[PDB]
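Structure first, commentary second.
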Amino acid sequence: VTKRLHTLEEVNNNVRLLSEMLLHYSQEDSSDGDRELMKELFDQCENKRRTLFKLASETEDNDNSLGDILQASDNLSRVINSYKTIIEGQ
Amino acid sequence: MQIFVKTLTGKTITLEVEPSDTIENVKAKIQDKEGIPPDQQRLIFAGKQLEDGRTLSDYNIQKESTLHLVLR
């Protein structure tokens with residue numbers, strides 16, 4: 001399979017889902033399963049933010065959706081740093 | 001009973017299962033109608049993954065409940 005684009009809804013779906021497991025996380029209780037699938041959602045957030053930037057790079061002067069693209073990326077960025085300051089430390 | 005398995009794209013597939021059905025069985029049902037290999041499937045409910053060993057009854061999944069599917 002090749003690369004593709006992700007809708008705004010899907011972006012929020014990925015964000016909310018990660019913002020779901022991060023809360024239901026416990027270094028002690030949480031097993032390897034939860035931890036593993038959490039890295040997938042994170043890597044996927046990482047990948048979506050990238051495709052959004054590709055969209056942004058092909059934006060034209062006075063584009064009517066550049067704002068949304070960047071907002072979505074911000075959200076992906078905010079939840080990606082949560083998987084950082086939590087799963088790691090900073 | 002009837003449950004709803006939501007994908008990240010917002011798609012929805014209703015599966016006709018029983019409180020007895022194992023997580024491995026729900027993944028196999030999805031493969032039969034969607035064709036997605038159980039290997040690439042990862043189900044989530046309440047911020048937790050679902051292991052094939054456990055059953056829907058174990059995770060307390062009621063009718064019309066909504067699971068989350070995440071491909072690799």
Side-chain angles (χ1 to χ4, degrees), chain A, chain B residues 3-13 23-24 26-27 30 36-56 58-62 65-72:
Chain A
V1 191
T2 322
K3 189 174 179 173
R4 56 106 163 167
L5 168 163
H6 307 289
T7 81
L8 296 173
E9 272 185 351
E10 185 179 1
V11 172
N12 306 317
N13 278 4
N14 203 318
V15 174
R16 270 308 312 184
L17 197 60
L18 194 52
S19 164
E20 244 270 58
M21 292 188 91
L22 287 178
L23 277 49
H24 283 285
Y25 172 58
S26 178
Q27 238 289 51
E28 41 283 4
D29 294 290
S30 294
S31 68
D32 284 49
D34 295 351
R35 194 183 312 300
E36 190 160 4
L37 187 49
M38 257 189 287
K39 184 188 186 297
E40 252 299 306
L41 285 180
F42 177 77
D43 294 327
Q44 279 186 50
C45 286
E46 212 65 19
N47 166 60
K48 283 183 177 56
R49 178 172 58 165
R50 234 128 46 193
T51 65
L52 280 185
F53 289 144
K54 193 66 180 177
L55 285 180
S57 74
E58 271 132 42
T59 199
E60 190 153 48
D61 311 296
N62 275 62
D63 201 76
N64 330 299
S65 57
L66 171 55
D68 300 306
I69 295 171
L70 255 36
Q71 211 307 76
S73 73
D74 278 9
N75 289 176
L76 278 164
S77 292
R78 176 180 177 181
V79 68
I80 278 174
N81 279 160
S82 187
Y83 183 87
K84 292 282 192 60
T85 179
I86 293 298
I87 308 304
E88 184 72 299
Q90 189 66 299
Chain B
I3 57 176
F4 312 106
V5 176
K6 287 263 278 61
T7 69
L8 287 181
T9 55
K11 294 295 191 187
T12 306
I13 45 186
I23 302 302
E24 173 193 1
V26 179
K27 290 193 175 183
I30 296 175
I36 301 178
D39 319 356
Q40 307 181 196
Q41 289 173 51
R42 236 72 79 173
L43 304 168
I44 297 174
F45 190 58
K48 296 277 193 178
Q49 186 174 186
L50 309 178
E51 296 311 315
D52 300 62
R54 319 257 60 178
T55 75
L56 299 176
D58 292 69
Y59 302 101
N60 187 202
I61 301 175
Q62 329 298 189
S65 286
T66 297
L67 284 70
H68 293 292
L69 175 52
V70 181
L71 269 282
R72 45 184 293 174

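In what follows, chains carry the letters A, B, and so on, assigned in the order in which the sequence lines appear, proteins first and then strands, with residues in each chain numbered from 1.
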Contact summary for [X] and [Y], nearest pair of heavy atoms:
X: A:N14; Y: A:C45; answer: OD1-SG, 3.1 Å
X: A:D34; Y: A:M21; answer: O-CE, 3.4 Å
X: A:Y25; Y: A:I86; answer: CD2-CG2, 4.0 Å
X: A:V11; Y: A:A72; answer: CG1-CB, 4.0 Å
X: A:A56; Y: A:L70; answer: CB-CD1, 4.4 Å
X: B:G10; Y: A:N13; answer: N-ND2, 3.8 Å

Item to check | Polar side chain donor-acceptor pair, B:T55 to B:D58, under 3.5 angstrom | outcome: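 A donor-acceptor contact under 3.5 Å links the two side chains.
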Checklist entry - Regarding A:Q71 and A:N75, is there a side-chain donor-to-acceptor distance under 3.5 Å anywhere? => result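 The answer is yes; a qualifying pair exists.
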If you round to the nearest 0.5 Å, how far is [atom2] of [Y] from [atom1] of [X]?
X: A:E40; Y: A:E46; atom1: CD; atom2: CD; answer: 12.0 Å
X: B:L8; Y: A:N12; atom1: CG; atom2: CG; answer: 11.0 Å
X: B:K27; Y: B:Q41; atom1: NZ; atom2: CD; answer: 6.5 Å
X: B:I13; Y: B:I36; atom1: CD1; atom2: CD1; answer: 6.0 Å
X: A:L22; Y: A:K84; atom1: CG; atom2: NZ; answer: 12.5 Å
X: A:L17; Y: A:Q44; atom1: CG; atom2: CD; answer: 9.0 Å

Are the side chain of [X] and the backbone N or O of [Y] linked by a donor-acceptor pair below 3.5 Å?
X: A:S65; Y: A:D68; answer: no
X: A:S57; Y: A:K54; answer: yes
X: A:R35; Y: A:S30; answer: yes

Non-hydrogen side-chain atoms of [X] and [Y] separated by less than 4.5 Å:
X: B:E24; Y: B:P38; answer: no
X: B:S65; Y: B:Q62; answer: yes
X: A:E36; Y: B:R42; answer: no

Next on the checklist: Whether A:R78 and A:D74 form a salt bridge (side-chain N of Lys/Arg under 4.0 Å from carboxylate O of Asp/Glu) is what I want to check.
Outcome noted: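 Judged by the 4.0 Å cut-off on N to carboxylate O distance, A:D74 and A:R78 do not form a salt bridge.
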Answer yes or no: are there more than 12 heavy-atom neighbours, outside [X] itself, under 6.0 Å from its atom [atom1]?
X: A:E9; atom1: CD; value: no
X: A:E88; atom1: CD; value: no
X: B:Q40; atom1: CD; value: yes
X: A:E28; atom1: CD; value: yes

Next on the checklist: Run B:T12 and B:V5 through side-chain contact (heavy atoms from CB on, under 4.5 Å) and show every step you take.
Outcome noted: CA-CA 6 Å; B:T12 306; B:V5 176; over 6 Å; no
Item to check | Audit row: B:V26, B:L50, side-chain contact (heavy atoms from CB on, under 4.5 Å) steps and yes/no | outcome: CA-CA 10 Å; B:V26 179; B:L50 309 178; over 6 Å; no
Next on the checklist: Let's go through B:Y59 and B:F45 carefully: what are the C-alpha distance in whole Å and the side-chain angles of both, what is the deciding distance for ring pair (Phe, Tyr, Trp, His ring centres under 6.0 Å) to 0.1 Å, and is it a yes or a no?
Outcome noted: CA-CA 8 Å; B:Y59 302 101; B:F45 190 58; 8.3 Å; no
Checklist entry - Could you go step by step and tell me if A:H6 and A:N47 meet the side-chain contact (heavy atoms from CB on, under 4.5 Å) rule? => result CA-CA 10 Å; A:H6 307 289; A:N47 166 60; 3.7 Å; yes
Item to check | Stepwise side-chain contact (heavy atoms from CB on, under 4.5 Å) check, A:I80 with A:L18 | outcome: CA-CA 9 Å; A:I80 278 174; A:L18 194 52; 5.5 Å; no
